[PDB]
Amino acid sequence: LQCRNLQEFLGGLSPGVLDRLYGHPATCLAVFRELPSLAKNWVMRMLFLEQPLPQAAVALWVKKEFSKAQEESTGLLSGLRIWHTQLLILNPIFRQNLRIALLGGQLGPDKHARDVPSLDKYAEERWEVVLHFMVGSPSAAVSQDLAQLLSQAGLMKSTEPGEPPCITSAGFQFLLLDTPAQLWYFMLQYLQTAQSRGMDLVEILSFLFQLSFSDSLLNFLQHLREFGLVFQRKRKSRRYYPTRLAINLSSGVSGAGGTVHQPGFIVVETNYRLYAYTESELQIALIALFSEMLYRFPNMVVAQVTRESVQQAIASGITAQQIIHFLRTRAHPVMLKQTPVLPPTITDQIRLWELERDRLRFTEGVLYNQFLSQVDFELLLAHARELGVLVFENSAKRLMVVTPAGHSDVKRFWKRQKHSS
Amino acid sequence: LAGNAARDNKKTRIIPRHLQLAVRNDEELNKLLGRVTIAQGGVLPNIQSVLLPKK
Amino acid sequence: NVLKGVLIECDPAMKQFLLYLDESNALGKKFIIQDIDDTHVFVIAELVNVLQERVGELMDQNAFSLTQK
Amino acid sequence: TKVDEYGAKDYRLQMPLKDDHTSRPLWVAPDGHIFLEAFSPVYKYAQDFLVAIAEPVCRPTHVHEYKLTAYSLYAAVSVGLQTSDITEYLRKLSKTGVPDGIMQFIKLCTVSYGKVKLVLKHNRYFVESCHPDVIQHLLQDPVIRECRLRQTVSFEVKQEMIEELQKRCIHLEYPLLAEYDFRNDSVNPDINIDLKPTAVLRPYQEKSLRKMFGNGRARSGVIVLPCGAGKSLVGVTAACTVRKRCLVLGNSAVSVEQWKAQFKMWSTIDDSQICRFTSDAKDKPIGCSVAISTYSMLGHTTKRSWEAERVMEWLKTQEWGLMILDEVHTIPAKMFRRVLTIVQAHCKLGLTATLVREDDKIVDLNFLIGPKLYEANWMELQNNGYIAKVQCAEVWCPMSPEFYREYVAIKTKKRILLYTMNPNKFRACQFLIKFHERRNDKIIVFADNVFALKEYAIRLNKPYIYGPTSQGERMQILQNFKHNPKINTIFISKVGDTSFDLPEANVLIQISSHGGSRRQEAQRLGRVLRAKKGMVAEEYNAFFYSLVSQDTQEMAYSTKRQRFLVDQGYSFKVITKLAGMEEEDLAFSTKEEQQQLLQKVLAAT
Amino acid sequence: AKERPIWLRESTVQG
């Protein structure tokens with residue numbers, strides 16, 4: 014369930030929710046700025062049109078080239094039900117709220142006006158302690174809601190009743206992701222689990238859009266403070282200040298650049314040795330997931346990337362891609378000079394170790410043998426292929442294997458075929 | 066409940082400990098036998114959250 | 003007839019080792035149902051864990067034990 | 051002692067981080083390990099200083115690794131560095147200070163020098179110490195009194276027991292000084308030999324000599340230099356420096372010939388003044404001052420020939436100012452080490468390109484000869500162009516199924532042959548050869564097992580070379596390969612890597628090796644390190660390929676064997692497959708060919 | 274002339 018982008022969530026929306034979600038304060042601005050470079054023009058054009066137009070016009074207004082992108086963007090906006098063909109008339113609520121959004125249409138005593146660096150530092154701090162709890166740290170910040178949240182997010186599982194929760198296959202993969210992507214998956218799971226737990230996604234999600242620029258919102262907002270995404274000096278203040286992370290929100294690494302705008306620290310040697318100029322134990326814990334740590338200094342740690350530690354990581358669920366990415370995104374300024382930044386021998390070795398771990402591909406299936414004829418065999422094979430139930434075939438050897446579920450269908454068909462007698 | 070606790074402890078015989086854990090882990094048996102002391106049974110593994118280690 | 007089990011596909015070197023394992027009765031049981039292809043065989047679902055373990059063991063038998071050396 | 055929740059050793063309770071740690075490029079671990087930022091602005095000074103005070107462990111491109119050792123500390127004192135001097139500069143370089151455990155460790159190793167000195171005079175060996183009382187406590191063990199023969268106090272020691280005593284002196288915490296004042300020595304006559312100005316001395320060579328000749332007295336020890344780095348010239352230069360009667364010992368007659376040529380090539384000495392004391396050839400050694408021989412001759416355990424006995428007695432009675440030992444990795448051998456007890460030498464200098472061996476006897480060189488006087492950074496030499504840039508690679512040849520079936524079935528030594536001979540490894544070599552041959556590249560093929568060597572070379576219709584091949588046939592092939600354009604590859608057995616003077620080649624393919632041994636690997640690579648007629652270091656003109664059979668013991672041996680090369684910094688690029696091998700016409704294109712070879716392979720019985 | 278071969282130019286591992 015690697016929901017790497019907003020588009021997957023956008024498809025997970027029905028008209029009965031889209032219409033309410035299409036509020037005037039933030040959704041229109043957030044949605045419009047997220048639409049493709051093409052559709053944004055047409056939506057803005059028809060913002061003053063009360064009468065639909067034929068698809069041929071939109072089609073002829075684009076060259077033969079880029080027509081696929083226009084079709085794809087048309088598929089999205091039609092999938093978003095932003096307009097109706099009625100033959108592309110915008111939805112009245114969407115048009116009206118977009119119109120009001122252009123101009124708009135609340136105040137009180139001054140706040141503590143805490144410095145933006147301070148806000149982003151404790152936000153990063155808050156996310157770090159969340160990850161410190163996520164990793165196998167002997168001590169970390171905890172909270173019943175935080176724990177169950179990470180658990181319902183599929184990141185952690187409790188092996189025994191009363192024992193501390195441990196990390197799942199997805200959790201290990203998640204831990205290595207970059208902060209924005211890592212935060213994104215968390216936000217997405219919170220949103221999904223919110224509607225699941227009865228929190229109105231409409232209001233909280235619209236609120237997330239507003240932060241990027255009721256009791257349900259207050260409860261939700263309290264969690265956002267606990268996530269460090271918003272600052273509130275005291276629980277009594279009716280006003281809050283969104284942190285950089287909350288402002289970024291669903292902008293992704295494309296907005297204001299990736300998290301790579303940070304000091305690099307991992308050095309990778311051709312002898313699989315790692316030197317990470319770091320004091321933050323979270324980085325150490327992550328490095329320990331796939332490398333054998335040797336020595337720790339006040340500002341640096343020495344480790345080695347072995348078959349044991351890597352194949353252990355792969356066995357736990359990690360991939361060489363995530364490892365190579367984790368290193369590359371953290372590579373120290375000194376090794377940035379060489380190209381590629383990581384030594385090819387290292388990258389190739391890591392990939393080759395994971396590829397060894399899956400030398401054998403295991404697949405459940407049911408095998409039929411001793412087909413009395415090539416005709417009925419190929420006939421049954423064609424049916425298995427028509428059903429997409431086929432797993433593997435060797436017509437020369439007159440054999441095929443099918444998925445156990447699909448097998449019941451060929452079992453039924455085989456019996457039907459045999460019962461024709 | 067005692068046999069379950071024994072199997073959970075990977076043991077083949079129910080001993081006083083398993084009886085104590087079975088009696089104290091069940092909400093109703095614990096209430097029925099609240100005034101009862103079981104010889105060699107010990108007590109339930111219990112530590113208060115404030116006692117657990119911190120930074 | 004039709005047979006329950008799990009298919010495994012791998013390069014023919016591993017496929018020979020897999021055939022060797024039950025041919026030598028290393029696991030004591032004829033876990034291979036049939037010879038599907040040079041890179042494909044069908045095996046009993048319950049033995050795949052020790053089979054995977056024996057493949058893992060074979061790598062260590064044919065790989066250097068770095069172990070901080 | 052202290053370990054975190056993770057396997058890494060932690061030292062927060064052991065040392066602090068200094069205020070300007072960012073400027074300081076070094077760390078000192080309480081276990082003696084040291085790290086140095088190779089990219090630091092002061093790296094140059096730190097590299098020299100760490101090579102002076104510590105033992106290099108790894109020297110990769112961004113961070114080098116060193117460890118302190120008594121021998122390396124003695125070498126530091128051997129260049130006049132006081133405990134305060136090394137401490138003060140180490141502390142200045144260390145960004146995390148110096149741990150007291152290391153400081154007190156340095157103290158002991160520093161004060162344990164200069165106290166006891168070993169010297170020989172009139173064929174007699176005397177153990178001298180400036181302090182008179184030290185002898186009384188040092189002699190408290192009868193092993194010394196039985197070793198002892200029946266200010267600056269001294270006593271004579273039984274020659275045959277010097278080896279045992281010297282090894283004891285190390286663990287006894289009183290190393291013997293071996294400085295030889297060849298300048299102030301009129302007892303041993305000087306020899307009329309000088310380095311002709313034709314000889315060119317490179318900086319690393321000059322550094323190693325300067326470190327060996329820290330003062331007017333020569334220091335004993337081992338110098339590690341690649342064969343292409345001109346180790347021979349350093350040896351010849353050392354002799355020209357000592358200007359006293361010297362004995363050179365090679366591991367083979369070919370080496371003895373090489374040394375004679377090098378001495379004539381680089382020194383003013385005439386051919387009559389050089390003798391090659393050898394059973395195969397005679398030059399009336401007693402007639403001249405410079406002698407050259409082999410460990411097999413002098414170390415010979417069985418009865419000597421009457422004529423060779425004459426020279427050996429003359430050799431035994433004469434005192435050698437300098438004793439040059441080539442490829443000293445063999446020296447710790449039970450017979451070869453006897454040579455050090457047979458020959459009387461004032462100072463002994465060991466040279467080798469591969470100071471590694473699979474036995475735990477390499478450390479004996481520290482007491483049999485001395486500490487590492489120098490050890491070239493092979494990556495620096497490539498950066499300086501003194502060594503050819505070799506793009507090493509490991510071709511993961513997949514084993515054939517019918518081979519693996521037998522390979523996994525046969526657990527005896529016979530599997531070494533089967534993993535060495537398979538269609539994929541064969542096809543891969545044939546393809547790489549054809550490609551590099553049509554690329555006009557000189558190629559050297561290396562193997563161990565003669566059976567595979569023959570069957571490969573015959574099927575490839577190429578000339579092989581192995582032990583029983585007579586010297587005339589052997590050299591005739593090398594001359595054809597070097598000069599005849601129609602031949603561009605030779606299949607050599609261990610004879611090529613053990614000890615030889617093979618013509619340089621752009622490419623080398625190793626289809627078989629004795630095992631995961633590092634020594635043979637680096638010896639084989641040494642053959643391609645020689646600079647070419649018009650290459651440049653950035654051209655990546657040199658190549659080295661190891662052919663290994665996937666899922667086999669060869670994989671273990673190969674990774675185990677590359678350890679020394681990766682420690683030096685070489686990148687063994689893995690090659691899973693070569694594009695074009697699918698379409699190039701190659702042998703074993705059908706299973707019947709594979710079966711025929713497999714049948715003959717099984718016929719090996 | 275004398276350029277490196279493809280197997281030495283790029284990663285031969287499928288990734």
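Protein chains in written order, with the UniProt record's numbering: chain A, 14 to 100, 108 to 125, 135 to 242, 255 to 462; chain B, 66 to 120; chain C, 3 to 71; chain D, 51 to 200, 266 to 720; chain E, 274 to 288.
Positions of the beta carbon are idealized from the N, C-alpha and C atoms, including for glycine.
Using a Cβ cut-off of 7 Å, pull out every chain C residue sitting near residue i, in sequence order please.
{"i": "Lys675(D)", "result": "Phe66"}
In terms of residues, what are the limits of the beta strand (DSSP E) holding residue i?
{"i": "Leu437(D)", "result": "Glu434 to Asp441"}
{"i": "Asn51(C)", "result": "First-last for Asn51(C): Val50 to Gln63, but that is the alpha helix (DSSP H), not the beta strand (DSSP E)."}
Under 7 Å between beta-carbons, which chain E residues line up against residue i? List them in chain order, please.
{"i": "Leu401(A)", "result": "Correct list: empty, because the minimum Cβ distance to chain E is about 16 Å."}
May I have the straight-line CA-CA distance separating residue i from residue j, to the nearest angstrom?
{"i": "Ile113(A)", "j": "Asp32(A)", "result": "7 Å"}
{"i": "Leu323(A)", "j": "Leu94(B)", "result": "46 Å"}
{"i": "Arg371(A)", "j": "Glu349(A)", "result": "22 Å"}
{"i": "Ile387(A)", "j": "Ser134(D)", "result": "41 Å"}
{"i": "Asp144(A)", "j": "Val689(D)", "result": "52 Å"}
{"i": "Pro447(D)", "j": "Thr352(D)", "result": "25 Å"}
{"i": "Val271(A)", "j": "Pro193(A)", "result": "28 Å"}
{"i": "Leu315(A)", "j": "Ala88(D)", "result": "14 Å"}
{"i": "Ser147(A)", "j": "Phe268(A)", "result": "15 Å"}
{"i": "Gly465(D)", "j": "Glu157(A)", "result": "57 Å"}
{"i": "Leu455(D)", "j": "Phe482(D)", "result": "11 Å"}
{"i": "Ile46(C)", "j": "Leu29(C)", "result": "12 Å"}
{"i": "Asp475(D)", "j": "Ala637(D)", "result": "18 Å"}
{"i": "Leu98(B)", "j": "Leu109(B)", "result": "14 Å"}
{"i": "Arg274(A)", "j": "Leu265(A)", "result": "13 Å"}
So, is the C-beta of residue i closer than 8 Å to a C-beta in chain A?
{"i": "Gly7(C)", "result": "yes"}
{"i": "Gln18(C)", "result": "no"}
{"i": "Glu11(C)", "result": "yes"}
Between residue i and chain C, is any beta-carbon pair separated by less than 8 Å?
{"i": "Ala543(D)", "result": "no"}
{"i": "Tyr519(D)", "result": "yes"}
{"i": "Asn312(A)", "result": "no"}
{"i": "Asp666(D)", "result": "yes"}
{"i": "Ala671(D)", "result": "yes"}
Considering just the uninterrupted stretch of the alpha helix (DSSP H) at residue i, what are its terminal residues?
{"i": "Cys41(A)", "result": "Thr40 to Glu47"}
{"i": "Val101(D)", "result": "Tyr93 to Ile103"}
Applying a beta-carbon distance threshold of less than 8 Å, which residues of chain D neighbour residue i?
{"i": "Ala344(A)", "result": "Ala58"}
Using beta carbons (cut-off 8 Å, strictly below), is residue i in contact with chain E?
{"i": "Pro384(A)", "result": "no"}
{"i": "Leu393(A)", "result": "yes"}
{"i": "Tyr685(D)", "result": "no"}
{"i": "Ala694(D)", "result": "yes"}
Give the residues of chain D in contact with residue i, contact being defined as C-beta atoms less than 9 Å apart.
{"i": "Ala28(C)", "result": "Under the 9 Å cutoff, chain D gives no residues; its nearest Cβ is about 10 Å from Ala28(C)."}
With a threshold of 8 Å between beta-carbons, can residue i be considered close to chain D, or not?
{"i": "residue 249(A)", "result": "Between 242 and 255 in chain A the model has nothing, and residue 249(A) is one of the residues in that span."}
{"i": "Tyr336(A)", "result": "yes"}
{"i": "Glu434(A)", "result": "no"}
Name the chain E residues whose beta carbon is nearer than 8 Å to that of residue i?
{"i": "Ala361(A)", "result": "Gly288"}
Can you name the residues of chain C whose CB is closer than 8 Å to the CB of residue i?
{"i": "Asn410(A)", "result": "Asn3, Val4, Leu5 and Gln36"}
Identify the contact partners of residue i in chain A, using a Cβ-Cβ distance below 7 Å as the criterion.
{"i": "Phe44(C)", "result": "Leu408 and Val442"}
>> What ranges does the alpha helix (DSSP H) occupy inside the segment 176-209 of chain A, keeping only unbroken runs of at least 4 residues that lie completely in it?
In response: 198-204
>> So within the segment 358-395 of chain D, which uninterrupted beta strand (DSSP E) runs reach at least 3 residues, ignoring any that extend past its ends?
In response: 361-365 and 389-391
> Which ranges does the alpha helix (DSSP H) cover as unbroken runs of at least 4 residues, wholly within the segment 296-352 of chain D, from first to last along the chain?
Replying inline: 318-327
> What residue ranges within the segment 549-593 of chain D form continuous beta strand (DSSP E) runs of no fewer than 3 residues, ordered along the chain?
Replying inline: 558-561
> Where are the beta strand (DSSP E) runs, 3 residues long or more, that stay fully inside the segment 342-392 of chain A, in chain order?
Replying inline: Counting only runs of 3 or more, we get 342-345.
>> Ignoring anything shorter than 3 residues, give me the beta strand (DSSP E) runs that lie fully in the segment 624-669 of chain D, in order along the chain.
In response: 657-664
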